[PDB]
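Below is one structure, written out as structure tokens; the observations come after it.
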Amino acid sequence: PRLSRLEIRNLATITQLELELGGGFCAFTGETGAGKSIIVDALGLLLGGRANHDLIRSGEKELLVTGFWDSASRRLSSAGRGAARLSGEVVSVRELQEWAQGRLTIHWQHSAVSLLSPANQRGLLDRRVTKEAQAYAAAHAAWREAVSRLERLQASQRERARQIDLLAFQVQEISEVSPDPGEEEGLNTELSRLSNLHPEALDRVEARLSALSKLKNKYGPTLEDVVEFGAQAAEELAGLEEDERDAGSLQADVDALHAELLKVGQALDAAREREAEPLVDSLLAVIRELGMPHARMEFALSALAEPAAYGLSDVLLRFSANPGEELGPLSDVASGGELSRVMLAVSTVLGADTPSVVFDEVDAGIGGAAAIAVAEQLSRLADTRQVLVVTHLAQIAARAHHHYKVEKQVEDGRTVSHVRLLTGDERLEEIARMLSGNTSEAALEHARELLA
């Protein structure tokens, strides 16, 4: 679960590069821009994201970046197609992203899809109150069950409604008349009597007979078949009614579960509000030291409508570098260098999620004791997992167990970059050079005292 080898072809100032790199703390010095191109832009390409053609070699047709830990690759073509690869063949970019975000971490705006988005932001806090979080997850799942069951009631609703109105209509039509078999046969006789004789009951008799005739034509034919059909209608209607009522009860129950999920969400919110104070104070104590003092930081929860996926409360993080910033979004507002450092602190104090992480543009706006604190932190983390960084500062470049130098060799008839490992005395020489100028007994001495 770590990086091992890196092959880059026709990228910017690079005319094919094969680097067998170990782990631990790897520092890149010399040509800092070239290093940024190697570690941020290229590794950036493997993690996915936008793919600007400017990254492509000056006078070349297409570039390629292969990494070996499983061997992922990314090829960009000025033609317009290019291709992404995982371990074997042509795979999807979305899948490249999903896979590599599990292996690589580049810190910067691209850090958003690492430690910075809503799910991992919430996770930092949610792994301090697992009980409440699982309680929410459970309530939400059961509620989703309820909603699933609850929807077939619409399918039933649309048709069963009209059908039921029909049934009831028929049943009432029959009920009002209240037909009875073996009635017309005598009715006809009585009619024979009344008409043959030849006034009050006559029209009542005729009316009843005609009624039996209509109701006979309706759901008949048989006088019995009518009442039969009425019974069938009664039954069906009863059943459908059972369905509906049942659905209703289930619905009320669902609302109850809703109330429950609400309560749980509230409890979780309280848990957060409780675990907020001790959390932030543990970071500032280490962040205000790595330069940037008087920094303010807090967590703010939003009252979002509904239950949602994680919770009815959104987890937001507010931060301010200066006493006049007024706080605000961690990234996407008041960002730059401080973010990478914050990422570092958070990392060491909490832990590393990916095999190899990289911090970009961190060693800026700072210097001195602070710089040494950041470097030392890079060490602390170096033990756990592999860390990459392009530095120009001396203590930082020295503290890195491994040290890669980025120089520039000219290959006819072009000028190219060229990186190499530092054997020992060479390393000391170059790092001393970094501190102060060139080679000097004082520089060598101080360097040896620092690297110790």
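In this analysis, Cβ positions are derived from the backbone assuming ideal geometry, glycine residues included, and neighbour counts consider all displayed protein chains. Coordinate-derived values only; no laboratory data.
Quick rundown of the values:
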| item | result |
| --- | --- |
| Residue 53 paired with residue 314, simple spin-label distance in nm, labels 7 Å along Cα-to-beta-carbon | 3.7 |
| Principal axes of the chain: Cα extent on each, largest first, Å | 147, 53, 35 |
| Residue 158-residue 288 pseudo-label distance in nm [points 7 Å out on the Cα-to-Cβ vector] | 6.3 |
| Isotropic mean projected area of the C-alpha convex hull, the stretch 330-383 (nm²) | 4.0 |
| Gained length - residue 441 relative to residue 376, 0.36 nm times residue gap less alpha-carbon distance | 20.9 nm |
| Sparse-neighbourhood loop sites, trypsin sites (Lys or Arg not before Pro) in the stretch 114-194 - DSSP loop, at most 14 other Cβ within 10 angstrom | 127 |
| With 10 Å bins from 0: P(r) over the stretch 1-133, alpha-carbon pairs, percent | 11, 39, 33, 12, 4, 1 |
| Column: log10 I(q)/I(0), Debye, Cα scatterers of the stretch 393-452, q = 0.28 Å⁻¹ | -1.15 |
| Inter-label distance, nm, simple model (7 Å from Cα along the C-beta direction), residue 69/residue 7 | 1.8 |
| Residues 25, 359 arranged by fewest to most Cβ contacts within 10 Å | 25, 359 |
| Exposure proxy order (Cβ contacts within 10 Å, fewest to most) of 288, 94 | 94, 288 |
| FRET efficiency, 1/(1 + (r/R0)^6) with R0 25 Å, evaluated for residue 277 and residue 369 via beta carbons | 0.35 |
| Directionally averaged projected area (convex hull, Cα atoms, the stretch 129-289), nm² | 15.4 |
| Segments 262-274, 298-310 sorted - mean Cβ within 10 Å per residue, highest first | 262-274, 298-310 |
